[PDB]
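Taking it in order: structure first as structure tokens, then the write-up.
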Amino acid sequence: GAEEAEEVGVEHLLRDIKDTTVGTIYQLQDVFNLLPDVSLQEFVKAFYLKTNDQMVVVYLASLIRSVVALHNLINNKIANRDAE
Amino acid sequence: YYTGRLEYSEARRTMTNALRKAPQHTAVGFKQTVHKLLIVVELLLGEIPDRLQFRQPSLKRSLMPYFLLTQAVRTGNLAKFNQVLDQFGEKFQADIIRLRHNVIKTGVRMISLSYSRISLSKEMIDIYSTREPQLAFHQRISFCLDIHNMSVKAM
Amino acid sequence: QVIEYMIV
Amino acid sequence: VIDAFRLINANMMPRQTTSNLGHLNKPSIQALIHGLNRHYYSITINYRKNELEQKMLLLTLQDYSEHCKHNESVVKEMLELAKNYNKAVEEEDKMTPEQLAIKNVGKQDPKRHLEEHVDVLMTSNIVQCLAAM
Amino acid sequence: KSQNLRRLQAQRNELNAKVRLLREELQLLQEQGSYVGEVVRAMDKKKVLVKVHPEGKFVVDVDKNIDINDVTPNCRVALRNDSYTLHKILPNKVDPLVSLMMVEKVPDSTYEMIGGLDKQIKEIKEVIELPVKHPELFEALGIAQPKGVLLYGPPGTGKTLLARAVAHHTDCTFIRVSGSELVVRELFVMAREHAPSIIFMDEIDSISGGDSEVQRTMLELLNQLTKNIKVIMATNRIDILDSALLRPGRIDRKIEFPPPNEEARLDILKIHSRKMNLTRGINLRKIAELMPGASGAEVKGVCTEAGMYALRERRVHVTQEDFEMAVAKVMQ
Amino acid sequence: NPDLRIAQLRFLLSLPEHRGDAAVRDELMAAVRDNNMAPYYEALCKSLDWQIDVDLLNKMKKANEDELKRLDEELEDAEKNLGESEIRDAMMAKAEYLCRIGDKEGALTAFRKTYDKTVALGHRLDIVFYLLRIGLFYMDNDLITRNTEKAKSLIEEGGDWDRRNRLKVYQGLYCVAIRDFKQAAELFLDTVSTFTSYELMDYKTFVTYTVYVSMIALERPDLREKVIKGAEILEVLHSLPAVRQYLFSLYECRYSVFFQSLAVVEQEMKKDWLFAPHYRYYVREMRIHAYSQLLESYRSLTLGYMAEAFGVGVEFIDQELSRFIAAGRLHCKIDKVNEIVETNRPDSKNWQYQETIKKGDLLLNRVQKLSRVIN
Amino acid sequence: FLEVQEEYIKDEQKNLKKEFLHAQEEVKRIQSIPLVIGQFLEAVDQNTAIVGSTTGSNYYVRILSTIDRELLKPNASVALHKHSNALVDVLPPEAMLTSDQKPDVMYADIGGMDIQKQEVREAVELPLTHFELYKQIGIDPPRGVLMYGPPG
Amino acid sequence: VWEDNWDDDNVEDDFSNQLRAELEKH
Ligand SMILES: Nc1ncnc2c1ncn2[C@@H]1O[C@H](COP(=O)(O)OP(=O)(O)O)[C@@H](O)[C@H]1O
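The listed protein sequences correspond, in order, to chains A, B, C, D, E, F, G and H. For reference, each letter of the first sequence is one residue, going 163 to 186, 227 to 286 in UniProt numbering. For reference, each letter of the second sequence is one residue, going 290 to 294, 300 to 389, 395 to 419, 460 to 494 in UniProt numbering. For reference, each letter of the third sequence is one residue, going 338 to 342, 348 to 350 in UniProt numbering. For reference, each letter of the fourth sequence is one residue, going 156 to 168, 174 to 218, 229 to 303 in UniProt numbering. For reference, each letter of the fifth sequence is one residue, going 38 to 220, 231 to 254, 263 to 280, 286 to 392 in UniProt numbering. For reference, each letter of the sixth sequence is one residue, going 14 to 388 in UniProt numbering. For reference, each letter of the seventh sequence is one residue, going 53 to 147, 153 to 209 in UniProt numbering. For reference, each letter of the eighth sequence is one residue, going 38 to 63 in UniProt numbering.
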């Protein structure tokens, strides 16, 4: 559960150490029927591919936040530069 | 850069570290040979057309011989690379198999007529991929942004 | 790449 | 908001307290409330709990349509929102004063949107994908 | 290590100031809300004479850091939060005329796109920016003052647009008292405040004492009169108006607007045709071929109708014939 | 309207002994003998061309001081009964006259001078066309781009789309010079062209420039039909049969005349001042698009049928196509084991990857050029 | 000793982040039933404004920090605090009916009216559907439509 | 320009290679 509409009497009661820190034979026979996969021809290739595509996405991103972070750098450097 | 003055694994990262401090420094000696020498070594590893010739008009610092050897490998035959080498001969930086390596990257087709002609697991040929092949290049830019944090530690 | 996979 | 009180109906006639307890010289000091505080005189509310209770209170989705259609989506707003970020940095570079007319309350908001978009995917297009590995 | 440590002191003190004004922010918003209102300005020791929004009057004070000396009338800002005392100033909030200009938004910015009138703009620029931006040759030429221009012409063709354009090449102002819907003599004060101004009129007979009354009403105050205000009257006919205006010279200038001929109508149809896409070649003359009594409007109308007659076939280039069925349509 | 075909003459003279003197020499000095203009036409002949004789130059500078001297007293005359439209037009004596002086201060510091005291946008983009159009004559790319972002300020009522198309022709004529062959054709293609009796369009050139800028970047299936069955251009290349038989020799596969037709274009590459890697790259991509058009339909291409494309035989296709696959921009390979060329198609999924390695690197490098101490 | 309070600063930065992201949460009690709503008009500065309450007048305010300065259009209906009039949160456009499928006469049994039908068809629903063809020729969509009919 | 071209080595272009192509064939 979730404790709807009365978590005020839970979040007051979630002090020291906090939620995260806040601020930070038949069935087992059918278990291993769906385990084995090392067969990389097809599946392996597919897995390789998806990773590559998502990796790229991150590379694309990890770039525009670096740019806007650099914009915050020149904002702070021109700010303290004018405070000289 | 003086550490840049053998191995080729890190000559380009010391080329990035080298080509930084010269707004207007000298006209012989320090400012001159760092750029042209280091991009020559960047062809000693084998890096061809698309950073070479349009990046030239910034320096234009007497500009004959090293660019001539860059297109002498960009074409890649020993016949006119000879007259780049022997007819010039004073170009210095004395310290052949690489322009051989360029033309035989092609082949005729693959094998080349039952393993014999001259020019002068991912069943694809190496296009792209979604596994280990492209992952290496991917984690390049991620690393770059992480290394670019240093920006936040400067104010 | 689980070891390989700074952002925080 | 919890507070007990007294019988100071009458008896206007000790407790060093370390100087009157603190936070009842800071109530919501309102006249009908403080006029009620003449009779009221709240003191404290303590609290207990045990470790047990404390402790107690304390995948996938891959290409269904999911991974595609939340990186087919957000990169398009990175396209034209980065075009409006281009228009923002071109525009505010010159003739800018008074904190950009108070952060453009109007036409909110360029640039931050890009930061938010960047944040959304990098908590998603890695992490559970990471657990894919 | 101590220098880097004091950098960490700057970080910790910055975040601690954030939590300062967030904590006293959440206790802070339990206070009051200042009112707002226009005034008639002060006279005396502190003073205001405000008129607040719901009920319009009071006289209030002003805080030490307000410098009661600049706070001028009809520049709304207030703060008498509870006891009724000022704090600071706010956005001027557009004075009176800003209202009847943006409201009667009738006047449409115009500049030099007048469709083939050059004698007319030579004569109005002869008597509307020479008496404003070069008075020196009028006070040495013996001329007393030129003021008041009557624009008589057909409905269309020069009205509300010539008097607009040469009002704003000069950046003068353009007050229009055409109509008396929602609010004489008070307008003069606004014009005087503007220092230089131009007052414009209305022309209705067809597309007893309508606006010749106010016309003279402001020529009576204007004759003896803080000097660079120029009334402008547009009428369709010179004969229809009063004999009191027939008093040379009460109207120092009677500019005449003819209906446009061939080449002036290729000029105005050239400009309104310069509003949109056409094609590799029009040779606009054949449309002007039947211009015969036309009107300024009679040109903007047919150019928009030619655009719509290109729009009906989902086509993105206005061809030749959409003009021909535009001007061949509007003959009604 | 500075500067006309004198731009092309200024190219052709300074072009090497491909072309020198002799009757491009007189039409140049038809303007130089005309317009009486010292401050460029001595800097013109400075470039390995001509020296003193001063024979034209004296009354050239003398009429330069005549017109330049007489224009000043309208700037000093325009106060008697002459408003800012006449100080405006006195600065148009100084502006058109000191714009056909061909100086980059006499025009450039007069136009920002007349950008002050300025009536509405019968002016604000009249001069920023008239500044852009001489920036084409002096190829100062910063002046072009700053006149674009100064010229995207047409929000008048500026939805004047017989003046967007003037700017669209200016964008097409500039973007053909900065390798952006994508933006050039469509802009040109969907324009029609007309600019004050097409004087900068200088037609007998424009529709030709379209129909040999198209097949670089305008995609061979898509709007190439809009080129061919588009009834706006086909009738005006009817009088221009050379670029016509250059046009219908791709889609009709009559390639023994198409390389002939492209060798014509490599002789009228000489004219336009947007010149050298544009024609070398242009013949490169006409060439590569011509071969890639042929072998894409076949899973196997024989030596005799590829020799049938012109009649060149073997070694032209061999060395040339080996250079193209050395670039790796087609998918073929010189399979001399049988002398039959094979072609499958690995798609453009990899195109991106290869594209973006370089791209990504460059982008980060720019930031790597900035994000150090120098900021 | 300057290594001692070095361990202080890291713990204080961490714990001020703890109660800081915990401290953007105690401000959310001022937005609580019941708060008067009155529309936002002109922004003047940082965290204050001149919001227009529904109880008659507009009057000056101060707006809290947790709300972003994003949705505050000059007619944005925004809530105020009872007895205080401090701005708390912007709102969805609460107001009139959309008229879901209610009126029913066809455009085929209208009878006779053709030129007016293609003028209103031309200038109302066509620039809503084909909104960009007006931005491919040049003539703007006409803003209003005034219909004068006598006697109807 | 500013998109890196080759322009290196190659002898006179498709005009002359066209010329010795058709002449060498015929
Ligand atoms: N010479 C002209 N140049 C430009 N527009 C004109 C001209 N003559 C008439 N018009 C048109 O008339 C309209 C202005 O109305 P106006 O002429 O003031 O009405 P009236 O004719 O009653 O004075 C504008 O939309 C304009 O296009």
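Note that beta-carbon positions come from the ideal geometry of N, C-alpha and C, so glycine has one too.
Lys-264 of chain D sits in coil when the DSSP states are folded into three classes, being neither helix nor strand. Shortest Cα-Cα distance from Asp-81 of chain E to any of E:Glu-75, E:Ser-71, E:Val-97 involves E:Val-97. The beta carbon of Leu-22 of chain F sits closer than 7 angstroms to those of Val-37, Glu-40, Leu-41, all from its chain and outside the five residues before and after it, given in chain order.
For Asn-210 of chain D, the three-state secondary structure derived from DSSP is coil. Taking the beta carbon of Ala-128 of chain G as reference, no residue of chain E falls within 7 angstroms; the closest one sits roughly 17 angstroms away. Residue pairing for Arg-114 of chain G: DSSP places it in a beta bridge opposite G:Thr-100. At a beta-carbon threshold of 7 angstroms, the residues of chain F lying near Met-463 of chain B are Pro-359, ordered along the chain. Neighbours of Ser-268 of chain A in chain B, taken as residues whose beta carbon is under 7 angstroms from its own, are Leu-484, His-487 in chain order.
Interface criterion met: the Cβ of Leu-412 of chain B is under 8 angstroms from a Cβ in chain F. Between the segment 95-102 of chain F and the segment 70-79 of chain F there are fewer than three inter-stretch CB-CB distances shorter than 8 angstroms, so the stretches are not counted as touching. Burial state of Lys-209 of chain D is exposed, judged by a 10 Å Cβ sphere holding fewer than 16 other Cβ atoms.
At least one CB atom of chain H sits nearer than 8 angstroms to the CB of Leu-275 of chain F. Per DSSP, reduced to three states, the secondary structure at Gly-179 of chain E is coil, with no helix or strand assignment.
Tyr-369 of chain E counts as buried, since no fewer than 16 other beta carbons sit within 10 angstroms of its beta carbon. A check of alpha carbon separations from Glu-384 of chain E across E:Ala-357, E:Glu-323, E:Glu-373, E:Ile-342 identifies E:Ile-342 as the nearest. Nearest Cα to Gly-340 of chain B within the set B:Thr-364, B:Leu-353, B:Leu-474, B:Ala-321: B:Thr-364. Cβ proximity to chain F below 7 angstroms picks out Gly-195 from the segment 182-206 of chain G. One finds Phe-272, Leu-275, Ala-276, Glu-279, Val-296, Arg-300 in chain F with Cβ atoms closer than 8 angstroms to the Cβ of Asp-51 of chain H, taken in chain order. Taking a Cβ-Cβ cut-off of 7 angstroms, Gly-326 of chain F has no neighbours in chain G, whose nearest Cβ is about 51 angstroms from it. Relative to ligand 1, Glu-323 of chain E has its C-beta separated by 7 angstroms or more from all heavy atoms.
Taking C-beta atoms as the reference points, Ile-61 of chain G and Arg-49 of chain E count as a pair closer than 8 angstroms. Chain-ordered, the chain E residues with CB closer than 7 angstroms to the CB of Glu-78 of chain G read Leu-63. Approximately 4 angstroms separates the beta-carbon atoms of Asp-16 of chain F and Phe-150 of chain F; this is inside 8 angstroms, confirming the contact. The beta carbon of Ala-357 of chain E sits closer than 7 angstroms to at least one heavy atom of ligand 1.
According to the DSSP assignment, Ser-335 of chain F belongs to the alpha helix (DSSP H) that extends over 328-340. The way I'd put it, the segment 157-172 of chain E doesn't touch the segment 330-339 of chain E; fewer than three beta-carbon pairs between them come closer than 8 angstroms. Interface flag for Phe-249 of chain A against chain B is set, since a Cβ pair is found closer than 8 angstroms.
By the neighbour-count definition (other C-beta atoms within 10 Å, threshold 16), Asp-327 of chain E is a buried residue. Judged by DSSP in its simplified three-state form, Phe-160 of chain D adopts coil rather than helix or strand.
Chain-order list of chain G residues neighbouring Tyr-72 of chain E: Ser-109, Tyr-111, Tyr-112, by C-beta distance under 8 angstroms. Buried is the label assigned to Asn-178 of chain F, since at least 16 other Cβ atoms lie within 10 Å of its Cβ. Not flagged as an interface residue toward chain G: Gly-135 of chain F, since no C-beta distance is shorter than 8 angstroms. Around the beta carbon of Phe-92 of chain G, 16 or more other beta carbons sit within 10 angstroms, so the residue counts as buried. Contact with chain A is found for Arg-470 of chain B, since one of that chain's Cβ atoms lies less than 8 angstroms from the residue's Cβ.
Nearest to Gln-365 of chain F by C-alpha distance, out of A:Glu-169, A:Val-172, A:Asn-254, is A:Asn-254. For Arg-121 of chain G, no alpha helix (DSSP H) run applies, since DSSP gives it neither H nor E.
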